[PDB]
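Just so it is clear, none of the values below were taken in a lab; they were calculated from the coordinates. Methodologically, a virtual Cβ is constructed for each residue, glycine included, from the backbone with ideal geometry; neighbour enumeration extends over all protein chains shown.
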Amino acid sequence: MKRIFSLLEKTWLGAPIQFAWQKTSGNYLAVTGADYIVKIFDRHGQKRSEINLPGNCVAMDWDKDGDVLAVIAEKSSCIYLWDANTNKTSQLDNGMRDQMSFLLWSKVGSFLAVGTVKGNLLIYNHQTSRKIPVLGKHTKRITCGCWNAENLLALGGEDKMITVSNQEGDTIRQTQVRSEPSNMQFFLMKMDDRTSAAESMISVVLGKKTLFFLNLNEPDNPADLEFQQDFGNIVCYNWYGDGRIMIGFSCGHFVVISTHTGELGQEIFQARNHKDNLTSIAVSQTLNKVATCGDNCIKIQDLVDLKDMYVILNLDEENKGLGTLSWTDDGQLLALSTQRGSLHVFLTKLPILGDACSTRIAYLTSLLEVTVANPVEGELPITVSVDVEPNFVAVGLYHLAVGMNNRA
């Protein structure tokens, strides 16, 4: 693992940043701090675009293809939409009277959800330009939510309610919870019968202390998991494999639990990876690995055997107070924020891009360097510097091609 770049803007020093990777291609990284700007970087750390806001960024998210970034701000009714293929910004007025509090795209349809401080919801379809306002969805601030594989939307609010909806904003289900919902995620229970494929169940963190479960097929029997007070508060959690959750806790501990029928909440594994503080976990199902950050270090482990430490990185004393981790969906890059307002990006895996024509081969050797060789004829390897990170490479008798999205 090598550090590719670091962002240290003077305007961010002393305040926690927020950031988001582009969802399929991973070419762009959106970042914001206390300066009322969202800055869009390429994967080399060069600034490609900026979005000015009338107040703090409240939330940001990318569409299912990564073609569009959505942003919401304090004291604004406008959603800001930025397009990765044109580099342009546009504005979309929410049509409600209110300050926004939540933002999330579907993984399957071109649908964007927006929540408000008064508990109103808007769904926007980007392909049809259709707006769907839903007044009174919650009685207080919408705080969290998730989109299903079937384009169902689930939402939590400060009114201690959970609501489940279709893509047309209609309420399918409502439920009351013991404390404020946070970090909500949809999933599928793997029953022994192969015949069910829909994500029938929701997971959520209540009060930063308990993980709660709601089944849409059995809504009269929800489940609460409590954890040892010595672990501290739930900081984050992620889904893995067939029916597992990994949960990170503030006092340096993480836990893995089973969610299979008759073992729901059984602890499979536990570790104190960090002595004093754990601040984020990020799981890549693409690489089959997890990163954890705490005590000014990053620790990376195999999801097949969590005892096998892949990498430990220590970070210099300027970086005190780690923030959030997130990978690109190709599992090529890891980003880390700090509570002091810096961002750092690391190479987790070189892309295995290569091609052949007769005895001549081309292959990626660094993120911007393709090497061409002919190991049969004994020709010395030729190193080609390239202007972009390629998503594909091809070679001929006399030429090399590399390309990304719709360009070569």
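At each listed q (0.08, 0.12 Å⁻¹), what is the log10 of I(q)/I(0) that the Debye formula gives for the chain modelled as equal alpha-carbon point scatterers?
-0.47, -1.05
Taking Rh as the Kirkwood radius, which is the inverse of the mean 1/r over Cα pairs, what is the Rg/Rh value for the range 1-150? Before the final figure, lay out the partial values.
On the way: Rg = 15.4 Å, Rh = 15.9 Å.
A ratio of 0.97.
Under the rule of at least 5 residues apart or a separate chain, name every residue whose amide H is placed under 5 Å from the amide H of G323.
Those lying under 5 Å, H to H, from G323 are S337, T338, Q339.
If amide hydrogens are placed 1.01 Å from N in the peptide plane, which non-local residues have theirs closer than 5 Å to the one on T143?
Sorted by chain and number, the residues that satisfy this are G156, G157, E158.
Give me D for the range 229-304 in µm² s⁻¹, whole number, from Stokes-Einstein with Rh from the Kirkwood sum over alpha-carbon pairs, 20 °C and 1.002 mPa s.
Details: Rh = 12.5 Å.
Value of D from the Cα-based Kirkwood radius: 171 µm²/s.
How far apart, in nm, are two points set 7 Å out from the Cα along the Cα-to-Cβ line at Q127 and at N52?
Spacing of the two 7 Å Cα→Cβ label points: 3.5 nm.
Rounded to whole Hz and in sequence order, give me ³J(HN,Hα) for the range 81-87 from the Karplus expression 6.51 cos²θ - 1.76 cosθ + 1.60, θ = phi - 60°, writing x for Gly and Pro.
Once θ is set to phi - 60°, the couplings for the range 81-87 become 10, 10, 9, 5, 8, 10, 6 Hz.
Spelling out what I want: for every residue of the range 144-158, take phi, set θ = phi - 60°, compute 6.51 cos²θ - 1.76 cosθ + 1.60 (Karplus), and round to whole Hz; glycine and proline get x.
For the range 144-158, the Karplus curve yields 7, x, 8, 9, 7, 3, 8, 6, 6, 10, 10, 9, x, x, 4 Hz.
What order do you get for 199-207, 295-303 when each peptide is scored by the mean count of other beta carbon atoms within 10 Å, highest first? Don't skip to the end; give the middle numbers.
Values: 199-207: 20.9, 295-303: 18.8.
Packing order, densest peptide first, comes out as 199-207, 295-303.
Given +1 on the Cβ of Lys and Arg, -1 on the Cβ of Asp and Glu, and no further charges, what dipole in debye does the range 252-408 carry about its Cα centre, rounded to the nearest 20? Working shown, then result.
Working: 10 positive and 18 negative charges, 45 e Å.
That gives a dipole near 220 debye.
Calculate one ³J(HN,Hα) per residue across the range 300-305 by plugging θ = phi - 60° into the Karplus curve 6.51 cos²θ - 1.76 cosθ + 1.60, and present them in order as whole Hz with x for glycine and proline.
10, 10, 6, 5, 7, 9
List the GluC sites (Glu not before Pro) within the range 251-337 that DSSP assigns to loop and that have no more than 15 neighbouring Cβ atoms inside 10 Å.
Values: sites: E263, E267, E317, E318; in loops: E263.
Hits after loop and neighbour filter: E263.
For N221 and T195, calculate 0.36 nm times their separation in residues minus their Cα-Cα distance, and state this gained length in nm to one decimal. Each step should come with its number before you reach the end.
Values: separation 26, 0.36 × 26 = 9.36 nm, distance 2.20 nm.
Taking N221 through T195 to full extension adds about 7.2 nm, to one decimal.
Amide H neighbours of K23 under 5 Å, counting only residues 5+ apart in sequence or on other chains, H built in-plane at 1.01 Å?
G66
Anything over 31 Å Cα to Cα? Flag those among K23/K131; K23/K320; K75/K275; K10/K118; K107/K349; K64/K118, in the order listed.
On the way: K23/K131 23 Å; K23/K320 29 Å; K75/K275 40 Å; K10/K118 35 Å; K107/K349 24 Å; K64/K118 28 Å.
Pairs exceeding the cut-off: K75/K275; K10/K118.
Just want the answer: with Cβ charges of +1 for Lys and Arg and -1 for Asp and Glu, which residue in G262, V235, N288 is farthest toward the dipole's positive end in the range 217-321?
Positive-most Cα among the choices belongs to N288.
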